[PDB]
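Undergrad: Using PDB author numbering, you'd call the opening residue of the sequence shown number 11 and step up by one each time.
Don't be surprised by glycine CBs; every beta carbon is placed ideally from N, CA and C.
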Amino acid sequence: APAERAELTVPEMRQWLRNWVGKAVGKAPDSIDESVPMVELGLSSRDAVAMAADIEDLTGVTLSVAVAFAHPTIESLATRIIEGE
Numbered sequence: 011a012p013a014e015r016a017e018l019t020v021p022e023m024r025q026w027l028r029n030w031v032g033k034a035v036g037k038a039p040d041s042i043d044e045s046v047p048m049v050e051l052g053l054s055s056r057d058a059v060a061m062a063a064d065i066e067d068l069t070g071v072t073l074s075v076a077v078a079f080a081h082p083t084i085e086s087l088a089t090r091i092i093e094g095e
């Protein structure tokens, strides 16, 4: 149904994260590795704070340390933000 197709998807969430990280570190979003720990991507601490705020504005999810470090890669984090437990 229309409202089901309407929801933010895992591919969209992955794309949003690659775009966010790419802008923050000055790299093409297509080049961002979705399989490495996000603490290895070159973000500053303030970048992490800003990205968390932006995720909250995009989805309403206030990302916990527990959830984030349990899904510490772009691809796993994106899946968990969208699909939940």
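#1: Please name the residue or residues paired with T19 in a DSSP beta bridge.
#2: I need the straight-line Cα distance from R90 to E22, nearest angstrom please.
#3: From the DSSP output, which residues share a beta bridge with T89?
#4: Who pairs with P47 in a beta bridge, going by DSSP?
#5: Which residues in the same chain have their Cβ closer than 6 Å to the Cβ of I42, if we skip the five residues on either side of it in sequence?
#6: Looking only at its chain, what residues have a beta carbon closer than 8 Å to the beta carbon of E66, apart from the 5 residues adjacent to it on each side?
TA: Answer, in terms of the structure:
#1: Paired residue(s): none; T19 is not in a bridge.
#2: Distance between the alpha carbons of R90 and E22 is about 13 Å.
#3: Under DSSP, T89 shares a beta bridge with no residue.
#4: Its beta-bridge partners are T83.
#5: Short of 6 Å from the beta carbon of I42, and not among the five residues preceding or following it, lie these beta carbons of its own chain, in chain order: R28, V31, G32.
#6: Sequence-distant Cβ neighbours of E66 in its own chain, meaning closer than 8 Å and more than five residues away, are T72, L73.
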